[PDB]
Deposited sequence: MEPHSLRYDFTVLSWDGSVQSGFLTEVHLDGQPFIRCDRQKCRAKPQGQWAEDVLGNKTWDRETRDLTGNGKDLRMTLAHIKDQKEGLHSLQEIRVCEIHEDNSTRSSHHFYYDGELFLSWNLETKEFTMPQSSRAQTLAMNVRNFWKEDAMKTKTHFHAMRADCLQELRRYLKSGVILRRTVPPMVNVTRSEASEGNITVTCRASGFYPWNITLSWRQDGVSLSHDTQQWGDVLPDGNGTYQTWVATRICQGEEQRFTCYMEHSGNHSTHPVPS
């Protein structure tokens, strides 16, 4: 099963080196928009304001310390994500992006910053790291506390049933396309299913056909948050009996014949 996730984002901008008044704060629950704040005006309640939007103010101060002679627009984005997996193990990441590119990350295992190999990335990261060092801004404990906040909030959303993940079984339908030169195309469509992961395949006498002897739809969004896909193969009239469609989805498995 895919893990559950909580994502915090803080974004600030400069124009010609002047850091603008705005600071955008977002909270996404399993990729889904939840809380959006424009400065302290938060929309989905004292915790929404206090500390949380405050991260954007700290970010305005960080962007003021990034030396960049290139005029026009710059952007700084801070991204925090924690994950809770099926087995109760956790992930966490803490990333900073300048003009849309990663320049700094915090590694929970080493309790250390990691920078990218690029020399311009390392210069941005040392501007920021030296600022935070001077003014005691973002210590080891801060990074561990922010991780502990994220997981505790994810655990509260999960308990409350706000991100209640439901299984939605596919509808399966098999259709036959007309017998050009004595051959028919049999198509197996699975629609309205969640989650995304599905197995679908034609079988001849109960053995799965090779990938290359079948034609494959992508897995597309199918609305109300569900998916759809299909698989096809070309057989001889007379043979329809030998060919079945096999479907596995979250422990369901079913076999669908070619209809008469």
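Peer 1: Which regions of the deposited sequence are unaccounted for in the modelled residues, listed N- to C-terminal?
Peer 2: Absent from the structure is a single run, positions 45-59.
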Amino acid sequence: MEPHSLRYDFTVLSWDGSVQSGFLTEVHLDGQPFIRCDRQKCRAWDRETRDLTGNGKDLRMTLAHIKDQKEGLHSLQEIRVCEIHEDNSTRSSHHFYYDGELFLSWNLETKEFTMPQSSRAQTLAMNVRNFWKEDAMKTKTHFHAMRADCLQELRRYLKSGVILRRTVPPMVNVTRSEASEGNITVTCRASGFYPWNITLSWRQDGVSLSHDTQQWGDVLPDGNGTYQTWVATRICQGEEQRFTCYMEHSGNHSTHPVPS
From here on, numbers count along this sequence of modelled residues.
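Peer 1: Please compare 90-98 with 156-164 and name the stretch with the higher mean C-alpha B-factor in the deposited structure.
Peer 2: According to the entry, 156-164 carries the higher average C-alpha B-factor.
Peer 1: Do the CA atoms of 246-254 or those of 233-241 have the higher mean B-factor in the entry?
Peer 2: The deposited B-factors put 233-241 ahead on the C-alpha mean.
Peer 1: Whose CA atom has the top B-factor in the entry, of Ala190, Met115, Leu76, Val81?
Peer 2: Of the options given, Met115 has the highest CA B-factor in the PDB entry.
Peer 1: Which listed residue, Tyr194, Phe34, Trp202, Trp216, has the largest C-alpha temperature factor in the record?
Peer 2: Among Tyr194, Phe34, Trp202, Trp216, the PDB entry lists the largest C-alpha B-factor for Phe34.
Peer 1: Within this chain's modelled residues, let me know which third the CA B factor of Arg50 belongs to: lowest, middle or highest.
Peer 2: For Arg50, whose C-alpha B-factor we compare with every modelled residue in the chain, the answer is the highest third.
Peer 1: Within this chain, which third does the Cα B-factor at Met146 fall in: lowest, middle or highest?
Peer 2: It falls in the bottom third of the chain.
Peer 1: Ordered by C-alpha B-factor within the chain, which third holds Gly56? Give me lowest, middle or highest, please.
Peer 2: Its C-alpha B-factor belongs to the lowest third of this chain's values.
Peer 1: Lowest, middle or highest third: where is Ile198 by Cα B-factor in its chain?
Peer 2: For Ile198, whose C-alpha B-factor we compare with every modelled residue in the chain, the answer is the lowest third.
Peer 1: Please rank the C-alpha B-factors of the chain's modelled residues and tell me whether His211 sits in the lowest, middle or highest third.
Peer 2: It belongs to the middle third of the chain when residues are ordered by C-alpha B-factor.
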